Amino acid sequence: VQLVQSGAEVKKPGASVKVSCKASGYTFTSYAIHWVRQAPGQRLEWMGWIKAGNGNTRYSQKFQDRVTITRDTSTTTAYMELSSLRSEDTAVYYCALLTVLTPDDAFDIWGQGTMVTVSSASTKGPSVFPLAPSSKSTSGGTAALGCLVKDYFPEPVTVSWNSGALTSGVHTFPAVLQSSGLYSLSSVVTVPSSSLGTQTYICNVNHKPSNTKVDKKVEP
Amino acid sequence: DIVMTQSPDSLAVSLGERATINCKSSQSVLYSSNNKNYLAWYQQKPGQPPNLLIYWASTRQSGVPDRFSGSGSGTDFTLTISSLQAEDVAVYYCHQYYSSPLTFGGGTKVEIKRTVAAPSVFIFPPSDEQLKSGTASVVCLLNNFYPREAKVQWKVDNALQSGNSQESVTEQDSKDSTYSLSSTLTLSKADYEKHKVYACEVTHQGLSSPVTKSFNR
Amino acid sequence: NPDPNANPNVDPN
């Protein structure tokens, strides 16, 4: 069972956003997809559900006038439109098959979440710079290297190493907010210093709001 | 609105110790006619969505390790982790599906207590590619330390800097329960070219005196 | 009593 959501967005105050939720690995028309939002430092907030086969909906009293959940059975996709976006609406929005408890089976699946940022500031893609391994970045037979992902908006960027084949030793730091209003983050990995000559280290940087997909080889 | 109130808000325990999280519902979620409690427990690690551990108050979902167990009935519910492992660092939420709207608790953040580990400190000059843009970023990395409290100071040509740096600290590591921290000094290229010595000085409990890592431009 | 429409996915059985 799998739920796959659309990428993060930024929208002006007063505008609308429409988050998508593609489901698969199960019978779409048999269950209700919920929408739940996780705001900064606040508890999860149930917004509504939609019966995927039938199309009936129920909305939280909070999000009655401003939310519209919909589905398309042919593409196995649910949607959540939130209009008249306000400052407080910046949050991560999840679709989820909440506690499907049937006689046959019991499962609970969440989409990966979609960060919506309500702001008048413009979308900007990051610049990716190498943090090259050097004599100033070695300790105990290991070398640290990384990528600096500077000056993007809105959050988030994600970073993988070697297309997901390198995960041990990886630290991808929470973003920092510069006085410019733009974000920056670093991703570092510690590797054996003995094999810098034979191994290749590539950071794969994604910033879906700006359609940025960058691969940066990090060399000595 | 059924209000779900968890306690404690956070709890730190050593590896292998027992962890107890309490959740109280503002009204009963027990239906006497079927004797079921409409309560669930979720685990959320950073970057991940909530993950269902327990439903019907005490039924562990398939694949959930046996050390997680729910108990209680009516309004007073308990999630127990019998022997905490390093990967269990997360926020745990209770959840009711008794009445609309569905609601969740405020979360209990579970942290690991561990032995002191001093940071491994590294420094990265700016790349030539960035300098082409008129800005220089110097990155100081403090890797795999514990406890989280650490102090970084930037020095340029031996002078203590103020106002031109930003820090970020990671979540607690799922494997060794350490933290890591990156600090970035930002200068114009002109200012960067004006000075020779760039240094980051680190204070931490595992160090008897500050460690300075430096390079010459 | 529970509201079975709070989460249609739950079969109270």
# chains A, B, ... in the order shown; residues from 1 in each chain; ligands from 1
$ select_by_dssp --residues "range 67-111 of chain A" --states "strand (DSSP E or B)" --output "ChimeraX atom specification"
/A:67-72,77-82,91-101,106-110
$ residues_around --residues "residue 111 in chain B" --least-positions-apart "4" --cutoff "7 Å" --atoms "only C-alpha atoms" --output "compact mmCIF listing (two decimals) with N, CA, C and O atoms, in the first residue's frame"
# COMPACT_ATOMS: atom_id res chain seq x y z
N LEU B 11 10.90 12.77 27.46
CA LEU B 11 11.52 11.90 28.45
C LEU B 11 12.84 11.38 27.89
O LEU B 11 12.91 10.95 26.74
N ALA B 12 13.87 11.44 28.72
CA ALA B 12 15.20 10.96 28.38
C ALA B 12 15.51 9.74 29.24
O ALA B 12 15.37 9.80 30.47
N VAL B 13 15.91 8.64 28.61
CA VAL B 13 16.28 7.43 29.32
C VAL B 13 17.49 6.82 28.64
O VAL B 13 17.75 7.04 27.45
N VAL B 89 14.37 6.70 19.24
CA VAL B 89 14.29 8.15 19.38
C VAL B 89 13.30 8.67 18.36
O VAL B 89 13.48 8.51 17.14
$ interface_residues --of "chain B" --to "chain C" --cutoff "12 Å" --atoms "only C-alpha atoms" --output "PDB file with N, CA and C atoms, in the first residue's frame"
ATOM      1  N   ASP B   1     -15.040  17.928  20.499  1.00  0.00           N
ATOM      2  CA  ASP B   1     -13.565  17.718  20.465  1.00  0.00           C
ATOM      3  C   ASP B   1     -13.111  16.860  21.637  1.00  0.00           C
ATOM      4  N   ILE B   2     -12.642  15.651  21.348  1.00  0.00           N
ATOM      5  CA  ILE B   2     -11.946  14.856  22.351  1.00  0.00           C
ATOM      6  C   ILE B   2     -10.504  15.341  22.399  1.00  0.00           C
ATOM      7  N   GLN B  27     -12.704  12.519  27.239  1.00  0.00           N
ATOM      8  CA  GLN B  27     -13.862  11.691  27.539  1.00  0.00           C
ATOM      9  C   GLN B  27     -13.504  10.252  27.211  1.00  0.00           C
ATOM     10  N   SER B  28     -14.295   9.324  27.739  1.00  0.00           N
ATOM     11  CA  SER B  28     -14.028   7.913  27.497  1.00  0.00           C
ATOM     12  C   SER B  28     -14.115   7.605  26.009  1.00  0.00           C
ATOM     13  N   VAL B  29     -13.195   6.770  25.538  1.00  0.00           N
ATOM     14  CA  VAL B  29     -13.245   6.242  24.182  1.00  0.00           C
ATOM     15  C   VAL B  29     -13.533   4.741  24.196  1.00  0.00           C
ATOM     16  N   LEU B  30     -14.093   4.245  25.294  1.00  0.00           N
ATOM     17  CA  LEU B  30     -14.537   2.863  25.398  1.00  0.00           C
ATOM     18  C   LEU B  30     -16.013   2.771  25.031  1.00  0.00           C
ATOM     19  N   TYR B  31     -16.342   1.850  24.128  1.00  0.00           N
ATOM     20  CA  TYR B  31     -17.729   1.502  23.828  1.00  0.00           C
ATOM     21  C   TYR B  31     -18.028   0.189  24.540  1.00  0.00           C
ATOM     22  N   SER B  32     -18.869   0.250  25.577  1.00  0.00           N
ATOM     23  CA  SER B  32     -19.108  -0.932  26.401  1.00  0.00           C
ATOM     24  C   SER B  32     -19.756  -2.057  25.607  1.00  0.00           C
ATOM     25  N   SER B  33     -20.521  -1.725  24.566  1.00  0.00           N
ATOM     26  CA  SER B  33     -21.263  -2.754  23.846  1.00  0.00           C
ATOM     27  C   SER B  33     -20.354  -3.675  23.039  1.00  0.00           C
ATOM     28  N   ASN B  34     -19.145  -3.231  22.692  1.00  0.00           N
ATOM     29  CA  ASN B  34     -18.160  -4.105  22.068  1.00  0.00           C
ATOM     30  C   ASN B  34     -16.835  -4.130  22.819  1.00  0.00           C
ATOM     31  N   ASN B  35     -16.722  -3.398  23.929  1.00  0.00           N
ATOM     32  CA  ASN B  35     -15.554  -3.444  24.810  1.00  0.00           C
ATOM     33  C   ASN B  35     -14.274  -3.002  24.102  1.00  0.00           C
ATOM     34  N   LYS B  36     -14.390  -2.140  23.099  1.00  0.00           N
ATOM     35  CA  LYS B  36     -13.234  -1.656  22.359  1.00  0.00           C
ATOM     36  C   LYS B  36     -12.939  -0.205  22.714  1.00  0.00           C
ATOM     37  N   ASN B  37     -11.652   0.110  22.837  1.00  0.00           N
ATOM     38  CA  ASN B  37     -11.177   1.472  23.029  1.00  0.00           C
ATOM     39  C   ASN B  37     -10.705   2.001  21.682  1.00  0.00           C
ATOM     40  N   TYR B  38     -11.285   3.118  21.243  1.00  0.00           N
ATOM     41  CA  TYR B  38     -11.008   3.664  19.912  1.00  0.00           C
ATOM     42  C   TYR B  38      -9.788   4.582  19.988  1.00  0.00           C
ATOM     43  N   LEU B  39      -8.639   3.957  20.260  1.00  0.00           N
ATOM     44  CA  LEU B  39      -7.394   4.675  20.489  1.00  0.00           C
ATOM     45  C   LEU B  39      -6.264   4.017  19.712  1.00  0.00           C
ATOM     46  N   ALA B  40      -5.324   4.837  19.241  1.00  0.00           N
ATOM     47  CA  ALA B  40      -4.156   4.357  18.517  1.00  0.00           C
ATOM     48  C   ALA B  40      -2.917   5.101  18.998  1.00  0.00           C
ATOM     49  N   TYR B  55      -3.254  -0.134  17.776  1.00  0.00           N
ATOM     50  CA  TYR B  55      -4.639   0.274  17.591  1.00  0.00           C
ATOM     51  C   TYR B  55      -5.521  -0.546  18.524  1.00  0.00           C
ATOM     52  N   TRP B  56      -6.777  -0.115  18.656  1.00  0.00           N
ATOM     53  CA  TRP B  56      -7.693  -0.666  19.658  1.00  0.00           C
ATOM     54  C   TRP B  56      -7.048  -0.654  21.045  1.00  0.00           C
ATOM     55  N   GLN B  96      -7.349   9.290  18.778  1.00  0.00           N
ATOM     56  CA  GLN B  96      -8.658   8.689  18.989  1.00  0.00           C
ATOM     57  C   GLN B  96      -9.464   8.748  17.703  1.00  0.00           C
ATOM     58  N   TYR B  97     -10.228   7.689  17.456  1.00  0.00           N
ATOM     59  CA  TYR B  97     -11.160   7.614  16.340  1.00  0.00           C
ATOM     60  C   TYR B  97     -12.549   7.260  16.852  1.00  0.00           C
ATOM     61  N   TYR B  98     -12.873   7.773  18.044  1.00  0.00           N
ATOM     62  CA  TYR B  98     -14.182   7.580  18.658  1.00  0.00           C
ATOM     63  C   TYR B  98     -15.214   8.545  18.088  1.00  0.00           C
ATOM     64  N   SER B  99     -14.845   9.809  17.903  1.00  0.00           N
ATOM     65  CA  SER B  99     -15.785  10.807  17.419  1.00  0.00           C
ATOM     66  C   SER B  99     -15.082  11.756  16.464  1.00  0.00           C
ATOM     67  N   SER B 100     -15.888  12.401  15.629  1.00  0.00           N
ATOM     68  CA  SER B 100     -15.405  13.401  14.691  1.00  0.00           C
ATOM     69  C   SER B 100     -15.393  14.767  15.374  1.00  0.00           C
ATOM     70  N   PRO B 101     -14.322  15.554  15.177  1.00  0.00           N
ATOM     71  CA  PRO B 101     -13.156  15.277  14.340  1.00  0.00           C
ATOM     72  C   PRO B 101     -12.156  14.365  15.024  1.00  0.00           C
ATOM     73  N   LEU B 102     -11.526  13.489  14.248  1.00  0.00           N
ATOM     74  CA  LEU B 102     -10.357  12.775  14.730  1.00  0.00           C
ATOM     75  C   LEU B 102      -9.368  13.765  15.335  1.00  0.00           C
ATOM     76  N   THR B 103      -8.727  13.363  16.429  1.00  0.00           N
ATOM     77  CA  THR B 103      -7.752  14.214  17.093  1.00  0.00           C
ATOM     78  C   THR B 103      -6.540  13.390  17.492  1.00  0.00           C
TER      79      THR B 103
END
$ interface_residues --of "chain A" --to "chain C" --cutoff "12 Å" --atoms "only C-alpha atoms" --output "VMD selection string"
chain A and resid 29 to 35 46 to 52 54 56 to 60 96 to 108
$ atom_distance --atom1 "CA of residue 95 in chain B" --atom2 "CA of residue 95 in chain A"
16.1 Å
$ interface_residues --of "chain A" --to "chain B" --cutoff "8 Å" --atoms "only C-alpha atoms" --output "VMD selection string"
chain A and resid 42 to 46 60 94 99 106 to 113 129 to 132 136 to 139 144 171 to 176 186
$ residues_around --residues "residue 14 in chain B" --least-positions-apart "3" --cutoff "10 Å" --atoms "only C-alpha atoms" --output "list in words"
residues 17, 18, 19, 83, 84, 85, 86, 111, 112, 113, 114 and 115 of chain B
$ write_last_selection --atoms "N, CA and C atoms" --output "mmCIF file, in the first residue's frame"
data_model
loop_
_atom_site.group_PDB
_atom_site.id
_atom_site.type_symbol
_atom_site.label_atom_id
_atom_site.label_comp_id
_atom_site.auth_asym_id
_atom_site.auth_seq_id
_atom_site.Cartn_x
_atom_site.Cartn_y
_atom_site.Cartn_z
ATOM 1 N N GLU B 17 16.705 0.984 29.018
ATOM 2 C CA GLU B 17 15.769 1.259 30.092
ATOM 3 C C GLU B 17 14.333 1.264 29.571
ATOM 4 N N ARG B 18 13.396 1.191 30.511
ATOM 5 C CA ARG B 18 11.977 1.168 30.195
ATOM 6 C C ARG B 18 11.450 2.591 30.034
ATOM 7 N N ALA B 19 10.594 2.789 29.034
ATOM 8 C CA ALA B 19 10.003 4.091 28.745
ATOM 9 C C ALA B 19 8.488 3.991 28.844
ATOM 10 N N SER B 83 12.262 -1.834 26.555
ATOM 11 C CA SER B 83 13.721 -1.763 26.525
ATOM 12 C C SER B 83 14.095 -0.877 25.341
ATOM 13 N N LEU B 84 14.388 0.390 25.623
ATOM 14 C CA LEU B 84 14.558 1.372 24.563
ATOM 15 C C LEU B 84 15.829 1.095 23.769
ATOM 16 N N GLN B 85 15.696 1.079 22.447
ATOM 17 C CA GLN B 85 16.821 0.948 21.536
ATOM 18 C C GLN B 85 17.084 2.289 20.866
ATOM 19 N N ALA B 86 18.288 2.427 20.304
ATOM 20 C CA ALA B 86 18.714 3.729 19.801
ATOM 21 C C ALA B 86 17.784 4.250 18.713
ATOM 22 N N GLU B 111 14.062 10.742 24.088
ATOM 23 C CA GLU B 111 15.468 11.006 23.818
ATOM 24 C C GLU B 111 16.329 9.987 24.558
ATOM 25 N N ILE B 112 17.548 9.770 24.060
ATOM 26 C CA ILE B 112 18.482 8.820 24.662
ATOM 27 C C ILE B 112 19.500 9.580 25.501
ATOM 28 N N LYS B 113 19.799 9.048 26.664
ATOM 29 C CA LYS B 113 20.873 9.549 27.472
ATOM 30 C C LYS B 113 22.035 8.627 27.171
ATOM 31 N N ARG B 114 23.228 9.179 27.018
ATOM 32 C CA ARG B 114 24.415 8.386 26.726
ATOM 33 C C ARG B 114 25.687 9.027 27.291
ATOM 34 N N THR B 115 26.811 8.341 27.166
ATOM 35 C CA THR B 115 28.087 8.840 27.628
ATOM 36 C C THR B 115 28.589 10.025 26.818
#
$ residues_around --residues "residue 118 in chain B" --least-positions-apart "6" --cutoff "12 Å" --atoms "only C-alpha atoms" --output "list in words"
residues 142, 143, 144, 145, 146, 147, 148, 149, 150, 178, 179, 180, 202, 203, 204, 205, 206, 207, 208, 209, 210 and 211 of chain B
$ residues_around --residues "residue 25 in chain A" --least-positions-apart "6" --cutoff "9 Å" --atoms "only C-alpha atoms" --output "ChimeraX atom specification"
/A:1-3
$ write_last_selection --atoms "N, CA and C atoms" --output "mmCIF file, in the first residue's frame"
data_model
loop_
_atom_site.group_PDB
_atom_site.id
_atom_site.type_symbol
_atom_site.label_atom_id
_atom_site.label_comp_id
_atom_site.auth_asym_id
_atom_site.auth_seq_id
_atom_site.Cartn_x
_atom_site.Cartn_y
_atom_site.Cartn_z
ATOM 1 N N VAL A 1 0.848 -1.185 0.000
ATOM 2 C CA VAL A 1 0.000 0.000 0.000
ATOM 3 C C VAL A 1 0.889 1.244 0.000
ATOM 4 N N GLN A 2 0.612 2.189 -0.896
ATOM 5 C CA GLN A 2 1.494 3.334 -1.085
ATOM 6 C C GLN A 2 0.697 4.584 -1.431
ATOM 7 N N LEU A 3 1.102 5.712 -0.839
ATOM 8 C CA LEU A 3 0.549 7.028 -1.140
ATOM 9 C C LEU A 3 1.692 7.974 -1.481
#
$ residues_around --residues "residue 24 in chain B" --least-positions-apart "2" --cutoff "7 Å" --atoms "only C-alpha atoms" --output "list in words"
residues 4, 5, 6, 22, 26, 75, 76 and 77 of chain B
$ write_last_selection --atoms "C-alpha atoms" --output "compact mmCIF listing (two decimals), in the first residue's frame"
# COMPACT_ATOMS: atom_id res chain seq x y z
CA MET B 4 -5.82 13.98 23.91
CA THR B 5 -3.31 14.98 26.58
CA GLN B 6 0.06 13.25 26.80
CA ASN B 22 0.81 8.37 29.28
CA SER B 26 -10.93 14.11 27.82
CA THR B 75 -9.60 7.49 29.46
CA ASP B 76 -6.19 6.45 30.88
CA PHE B 77 -3.82 4.90 28.34
$ residues_around --residues "residue 91 in chain B" --least-positions-apart "6" --cutoff "9 Å" --atoms "only C-alpha atoms" --output "list in words"
residues 10, 42, 43, 44, 45, 46, 50, 107, 108, 109, 110 and 111 of chain B
$ write_last_selection --atoms "N, CA and C atoms" --output "tab-separated table (two decimals), in the first residue's frame"
chain	number	residue	atom	x	y	z
B	10	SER	N	8.40	15.32	27.21
B	10	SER	CA	9.59	14.65	26.72
B	10	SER	C	10.15	13.80	27.84
B	42	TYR	N	1.03	6.30	17.59
B	42	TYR	CA	1.86	6.55	16.42
B	42	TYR	C	3.28	6.92	16.84
B	43	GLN	N	4.24	6.51	16.02
B	43	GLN	CA	5.64	6.91	16.15
B	43	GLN	C	6.01	7.74	14.93
B	44	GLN	N	6.65	8.89	15.15
B	44	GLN	CA	7.13	9.73	14.06
B	44	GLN	C	8.59	10.08	14.30
B	45	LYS	N	9.45	9.65	13.39
B	45	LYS	CA	10.82	10.12	13.33
B	45	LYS	C	10.92	11.30	12.37
B	46	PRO	N	11.92	12.16	12.54
B	46	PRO	CA	11.98	13.36	11.69
B	46	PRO	C	12.13	12.97	10.23
B	50	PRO	N	3.91	9.95	10.50
B	50	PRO	CA	3.59	9.07	11.63
B	50	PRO	C	3.44	7.63	11.18
B	107	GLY	N	2.05	14.87	21.55
B	107	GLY	CA	3.33	14.24	21.31
B	107	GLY	C	4.20	14.14	22.55
B	108	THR	N	4.95	13.04	22.66
B	108	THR	CA	5.96	12.86	23.69
B	108	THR	C	7.28	12.55	22.99
B	109	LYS	N	8.26	13.42	23.15
B	109	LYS	CA	9.56	13.25	22.52
B	109	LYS	C	10.45	12.39	23.41
B	110	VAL	N	10.89	11.26	22.87
B	110	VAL	CA	11.73	10.31	23.60
B	110	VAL	C	13.17	10.49	23.14
B	111	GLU	N	14.06	10.74	24.09
B	111	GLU	CA	15.47	11.01	23.82
B	111	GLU	C	16.33	9.99	24.56
$ atom_distance --atom1 "CA of residue 58 in chain B" --atom2 "CA of residue 73 in chain B"
9.2 Å
$ closest_residue --among "A:142, A:134, A:206, A:190" --to "residue 219 in chain A" --atoms "only C-alpha atoms"
A:134
